[PDB]
Every structure is written in C-alpha cells, then in structure tokens.
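In what follows, a single structure is set out as structure tokens and then discussed.
Cβ: placed from backbone, ideal geometry, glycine included. Neighbour counts: every protein chain shown. Values quoted throughout were computed directly from the atomic coordinates according to the rules given, and no laboratory measurement underlies them.
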Amino acid sequence: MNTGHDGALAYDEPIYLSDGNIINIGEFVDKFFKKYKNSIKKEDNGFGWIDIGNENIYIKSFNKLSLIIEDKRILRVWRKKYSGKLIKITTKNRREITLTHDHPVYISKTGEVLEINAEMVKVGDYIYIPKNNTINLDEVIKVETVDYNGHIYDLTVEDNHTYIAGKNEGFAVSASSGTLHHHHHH
C-alpha cells in the first residue's frame, strides 16, 4: 500500500464519450448517483462507487498494447470529496487537466513510454497525449495549479487500465480498479 497513488479528476473535467458528449465527469457520475441512489455502495474507507456497466455506454478509450484509440465501456465509477491545489499541466495545443500531484501519467523517455507522477511532468518533460487515431508528444509549457474545493471522481476502466479524460480533447492516462493492478476475482 503506497503513500501516493489513488487519484481522481476535478468535477468539470470532460470525459469524451465514444459519441463526444463533452459532459462534466461530476455530472456524469452524479446522474447515476441520483437515479441509482439505492445502488450507492460505500467502501469501508467511506468512499462511494456505483456499477454502471449496465448502462453499457461507450467512452473513447485507448489501448496501451499499441497506443491505439478504440472504445470501451466503463464498469464502475467513484466519487470522493477533496479540497486542495490541483495540477493544471498545460501543453502548447492548449490542453490542460485538473488532477492530483501523485497522479500516474505517461512521458517520453527519448522514444520509450515511461510512467511517472504528474508533479514531475514539468516544462522539461514531454507529457504523452492522444492524436487522431494515434499518440503524439506535446510540450508542457505552463506549469501551475488551481485551488479546488468541491468533489472529485474516478473510474473502473479495468479493461485495458487506460482511459481518456481531461480538457480540450483530453489525455490518455492510466486507469485502474482496486489498487496498483491487483484484480482479485476468479
């Protein structure tokens, strides 16, 4: 069990459906929490998740296995409350996102995809981003934060452990389920 890890996104990060709905992650989740009120499970750690694999809805995902853009369907979602400073890593293409400092994201190591914390991804690291069908690099330019005090939200995209989320068109980053890739089923 690490100190860092275990992320989430701000309420007003887009999530880019396979249909392009450009909806707030927090509204997306909360719709389910407001219909499936009965289905609001809490964790022992007092979190709050719901399965939405029953909506079957498709998100624009990507597959790490070839850095390809495909669909998937989400299986569960999460919500927590947060107040603090979130990292606002911009890139030249006016991308940006609103996430934790210990948030797993990807960078170039000179041609290799490597996996690091967002707080290390400054104006001297190349933060991996999606393109059309493909993956590209863009330069981190502006390095600052926001103050945020609302709620935060996360997923269960267990399927390839990768999703799109963020602002503009978004970032191809890690997804998970329980913890640093455990999967305890059968």
If you take the square roots of the eigenvalues of the alpha-carbon gyration tensor of the stretch 33-95 and sort them as a ≥ b ≥ c, do you get rounded (a/c under 1.5), prolate (a/b over b/c) or oblate?
oblate
Determine the principal axes of the Cα atoms in the stretch 134-184, then give the extent along each, sorted from largest to smallest and rounded to whole angstroms.
40, 34, 17
In deg cm²/dmol and to the nearest 500, what is the mean residue ellipticity at 222 nm of the chain if only DSSP H runs of at least 4 residues count, each as -39500 (n - 2.57), divided by the residue total?
-2000 deg cm²/dmol
Of every Cα-Cα pair in the chain, the percent that sits beyond 24 Å
34
Most exposed first by the Cβ proxy, i.e. fewest other Cβ within 10 Å, how do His183, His101 rank?
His183, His101
The set of residues whose placed amide H lies less than 5 Å from the amide H of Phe171, leaving out same-chain residues fewer than 5 positions away, is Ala165, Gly166
Could you pull out every residue, at least 5 positions away or on a different chain, whose amide H is within less than 5 Å of the one on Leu99? Hs are placed 1.01 Å off N in the peptide plane, and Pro or chain starts have none.
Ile87
The stretch 77-163 shape via C-alpha gyration tensor axes, a/c threshold 1.5:
oblate
Could you list, in their original order, any pairs among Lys80/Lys142; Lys37/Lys72; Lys92/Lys122; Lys92/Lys142 whose Cα atoms are separated by more than 18 Å?
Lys80/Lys142; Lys37/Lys72
With angles folded into 0 to 90 degrees, how steeply does helix 25-35 sit against the dominant principal axis of the chain? Use alpha carbons for both and round to 10.
10
